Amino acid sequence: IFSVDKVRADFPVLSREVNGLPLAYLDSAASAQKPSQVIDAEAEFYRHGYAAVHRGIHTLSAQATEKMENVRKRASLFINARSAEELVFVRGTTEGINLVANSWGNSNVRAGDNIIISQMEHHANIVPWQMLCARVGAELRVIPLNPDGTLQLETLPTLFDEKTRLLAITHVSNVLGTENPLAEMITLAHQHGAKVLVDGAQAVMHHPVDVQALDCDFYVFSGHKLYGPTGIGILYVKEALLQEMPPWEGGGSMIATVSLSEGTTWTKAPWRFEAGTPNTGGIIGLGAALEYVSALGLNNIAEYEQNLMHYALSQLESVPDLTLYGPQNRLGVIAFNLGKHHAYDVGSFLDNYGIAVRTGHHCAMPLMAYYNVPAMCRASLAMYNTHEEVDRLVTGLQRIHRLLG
């Protein structure tokens, strides 16, 4: 059982004041605050054990290399991959998706083929596929939305066919909070021989994730949303697919031999996908974030967060003219619009009260278009957020509506 006061004491930013008022940070879905255990693990590495990591012979380099490969193993256990060698360190979810789109996509998606995404996807899980489709002459097909923010799954029979090579789908929507029924969609996709890439950027901080039970071919997530540093993320790929993938970036460490007259040969997976000095400091920090979350327990986090969400949804019913977008069982985020006020103005007033929410299209323009709105406000209710911050959001929306209505 969870203690929000003890969790909050680990996060130095939560004591901050903004505009002379106490900060209510409701924007973790854009990027999470980081516990002092994470900030200090990276700082301590730089202050005491820093070195280059390419299996250097000297002591510091050999120890830094082992720290990096231990984080690879820890991340692999966190998502229940079968092996540490199925995980590639990238800059974040976006880079992971681009790596798959070029390395797997360029060799497996041909002219006349199709790829399926959904209308709720974030731009990170849209744009790389649009680019691939334009390079190879393939078609980007779209699973449409229902008004409650769930996918229209009855349309799958018209979208999947013998030319469908890939399903790229979000685990959890960054706007709606919808959790998609991945295991069943993946079963469907595999019956056609299609691979499945899952965008898990908003899933990994809310409940346990198991890629062997999901049976996904590719899974991606970013460290900075998982209470860790920026500049680091994970791409998981089934071993059999990753072993056939050609390299994306070229340079040092991803090669086996380099010759200017006989050409270059590549090293084995995962190292073939990691060119140049890695973000070692970010990798040490991510390892600490995974330990921090695992010590609190994801089932404990999920229980507290669901209870906070239930409290917020119940309190938000007393805000006049509030429109909510997404299903009632939403995870993590609440997307809303207040009466006819533009989201930018509502978010500006909320910021003037010390409450940080995100406003705009949330990198999901197609999703905004589906709802016929230019933008939305979004409150994130993470594990370190409280009932009191929910009460300040409800009061603030009531005040805004009184003032501007």
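Residue indices: 1-based, along the sequence shown.
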(message) Please check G251 against the other PDB entries of this protein that were compared: is it missing in at least a third of those that model both its neighbours?
(response) yes
Per the PDB entry, mean CA B-factor is higher for 77-85 or 310-318, namely for 310-318
Avg C-alpha B-factor, entry values, 89-97 vs 180-188, higher side is 180-188
Highest CA B factor of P270, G137, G231, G285, as deposited, is found at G137
The largest CA temperature factor among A30, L338, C363, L26 is found at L338
Of the three thirds of the chain ranked by Cα temperature factor, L298 occupies the highest
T164: C-alpha B-factor third of its chain, per the entry, is the highest
Binned into thirds over the chain's modelled residues, the C-alpha B-factor of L242 lands in the middle
Binned into thirds over the chain's modelled residues, the C-alpha B-factor of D215 lands in the middle
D113: CA temperature factor from the record, placed by chain third, in the highest
